[PDB]
Amino acid sequence: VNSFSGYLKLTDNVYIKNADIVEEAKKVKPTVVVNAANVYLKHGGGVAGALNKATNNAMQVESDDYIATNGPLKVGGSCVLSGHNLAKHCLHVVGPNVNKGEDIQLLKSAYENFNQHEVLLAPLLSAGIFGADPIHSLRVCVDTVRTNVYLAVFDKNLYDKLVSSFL
Ligand SMILES: O=C(O)c1ccc2c(c1)CCO2
């Protein structure tokens with residue numbers, strides 16, 4: 001049994017809810033929240049900008065030190081950093097950004113990072129300002145992630161479409 005509430009069950013291991021991932025993280029304090037990161041961990045807008053704002057910029061400060069030491073992530077890659085006031089840990093995962101021309105096949109590699117964590121609160125990778133089709137992102141998630149994932153879809157309209165169209 002876990003703390004996650006109000007989710008629709010899609011599969012054995014994937015659950016979905018219309019929710020602000022920031023508000024959900026603040027309520028649950030999950031072991032792992034996933035960030036929709038870029039390779040530079042520049043948390044400007046989208047899920048990343050919202051998570052970082054909720055940490056009062058401490059996520060960005062920590063991320064800048066990580067990059068100064070390690071250099072940029074790979075598209076499809078990840079790193080584990082603090083969850084600050086939102087979670088124990090933040091798994092920063094880089095999905096391909098279609099608005100930069102990145103290979104959508106890297107979306108499966110991105111989701112494979114989730115399998116290193118038993119339970120996660122996450123957004124749909126490469127959705128929103130990363131430009132991918134969220135229906136496709138949900139299909140890749142279900143077909144890739146084997147650990148227990150609780151997905152947070154910001155838009156109510158999109159949430160309803162993801163559920164209605166789910167095979
Ligand atoms: O899920 C998203 O795409 C998303 C993007 C931006 C944003 C949020 C979610 C919360 C407030 O700011």
Side-chain angles (χ1 to χ4, degrees), residues 7 16-26 28-114 117 120-141 144-145 149-163:
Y7 288 72
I16 194 166
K17 186 184 178 176
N18 176 217
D20 181 345
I21 194 172
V22 171
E23 287 311 311
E24 190 76 3
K26 280 198 290 188
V28 175
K29 290 291 235 86
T31 305
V32 181
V33 64
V34 174
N35 181 33
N38 59 53
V39 294
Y40 305 110
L41 301 178
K42 287 170 55 97
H43 308 304
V47 167
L51 291 170
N52 175 58
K53 178 179 177 184
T55 76
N56 180 44
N57 210 53
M59 177 181 285
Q60 190 65 67
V61 169
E62 180 195 32
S63 291
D64 290 346
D65 170 83
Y66 173 90
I67 297 289
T69 298
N70 299 109
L73 299 178
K74 299 171 181 181
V75 179
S78 69
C79 67
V80 180
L81 291 173
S82 180
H84 300 279
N85 56 315
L86 303 180
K88 188 178 198 285
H89 304 286
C90 179
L91 180 69
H92 293 273
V93 179
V94 184
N97 187 330
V98 174
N99 305 317
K100 302 180 174 173
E102 299 169 346
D103 171 18
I104 194 58
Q105 300 307 135
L106 288 168
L107 186 55
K108 187 170 185 76
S109 301
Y111 274 115
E112 287 171 341
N113 295 288
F114 289 25
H117 302 278
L120 314 88
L121 172 61
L124 286 167
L125 299 180
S126 297
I129 69 176
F130 281 61
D133 175 3
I135 295 174
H136 176 64
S137 181
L138 179 56
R139 183 29 63 187
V140 178
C141 181
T144 307
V145 180
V149 56
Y150 287 86
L151 293 169
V153 179
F154 185 64
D155 187 68
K156 172 58 168 152
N157 182 293
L158 173 61
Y159 170 85
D160 287 348
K161 180 172 143 132
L162 285 167
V163 168

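All values below were derived from every heavy atom in this structure, side-chain atoms included, with hydrogens, water molecules and symmetry-related copies excluded. Here, residue 1 is the first one in the sequence, and each next residue gets the next number.
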Taking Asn56 for its side chain and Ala58 for its backbone only, find out whether a donor-acceptor pair lies under 3.5 Å. no

For residues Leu151 and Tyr7, report the shortest heavy-atom separation together with the two atoms involved. O-CE2, 3.6 Å

For a 4.5 angstrom cut-off between non-hydrogen side-chain atoms, does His117 reach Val34? no

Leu107 side, atom CG; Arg139 side, atom CZ - distance, nearest 0.5 Å: 12.5 Å

Could you give the side-chain donor-acceptor pairs of residues 123-130 under 3.5 Å, partners two or more places apart or in another chain?
| from | atom 1 | to | atom 2 | distance (Å) |
| --- | --- | --- | --- | --- |
| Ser126 | OG | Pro96 | O | 2.7 |

Can you name the closest pair of heavy atoms from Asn18 and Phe154 and give their distance? ND2-O, 3.2 Å

Identify each donor-acceptor pair in which a side-chain atom of residues 65-83 lies under 3.5 Å from a protein atom, sequence neighbours left out, and give them as a table.
| from | atom 1 | to | atom 2 | distance (Å) |
| --- | --- | --- | --- | --- |
| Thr69 | OG1 | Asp65 | O | 3.2 |
| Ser78 | OG | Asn113 | OD1 | 2.9 |
| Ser82 | OG | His84 | N | 2.9 |

Report yes if some heavy atom in the side chain of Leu162 is under 4.5 Å from a heavy atom in the side chain of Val153; otherwise report no. yes

Test your reading of the model: is there a side-chain donor-acceptor pair from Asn85 to the backbone of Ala54, 3.5 Å cut-off? yes

Heavy atoms only: give me the nearest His43-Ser63 pair and the separation to one decimal. NE2-OG, 2.8 Å

Atom NZ in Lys88, atom NZ in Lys29: separation rounded to 0.5 Å? 11.0 Å

For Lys108, all residues meeting side chain to side chain donor-acceptor pair (under 3.5 Å), sequence neighbours excluded: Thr144

Could you work out, with side chain to side chain donor-acceptor pair (under 3.5 Å) as the rule, every residue matching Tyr40, not counting sequence neighbours? none

Is the closest side-chain heavy-atom distance between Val22 and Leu51 below 4.5 Å? yes

Nearest heavy-atom pair of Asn35 and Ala48: which atoms, and what distance? OD1-CA, 3.0 Å

List the steps and the verdict of side-chain contact (heavy atoms from CB on, under 4.5 Å) for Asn38 and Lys100. CA-CA 11 Å; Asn38 59 53; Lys100 302 180 174 173; 4.1 Å; yes

Hey, could you give me the CG/CG distance between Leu121 and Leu86, rounded to the nearest 0.5 Å? 9.5 Å

State which residues pass side chain to side chain donor-acceptor pair (under 3.5 Å) with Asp64; sequence neighbours excluded, sorted by chain then number. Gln60

Straight-line distance of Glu62 CD to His92 NE2, nearest 0.5 Å: 6.0 Å

Check against side-chain contact (heavy atoms from CB on, under 4.5 Å), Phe114 and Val32: CA-CA 10 Å; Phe114 289 25; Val32 181; over 6 Å; no

Can you see which heavy atom on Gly95 is nearest to which on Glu102, and at what distance? O-OE1, 4.1 Å

Nearest heavy-atom neighbours spanning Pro134 and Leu158: CG-CD1, 3.5 Å

Here the side chain to side chain donor-acceptor pair (under 3.5 Å) pairs for residues 149-163, sequence neighbours left out, are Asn2-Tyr150, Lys156-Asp160

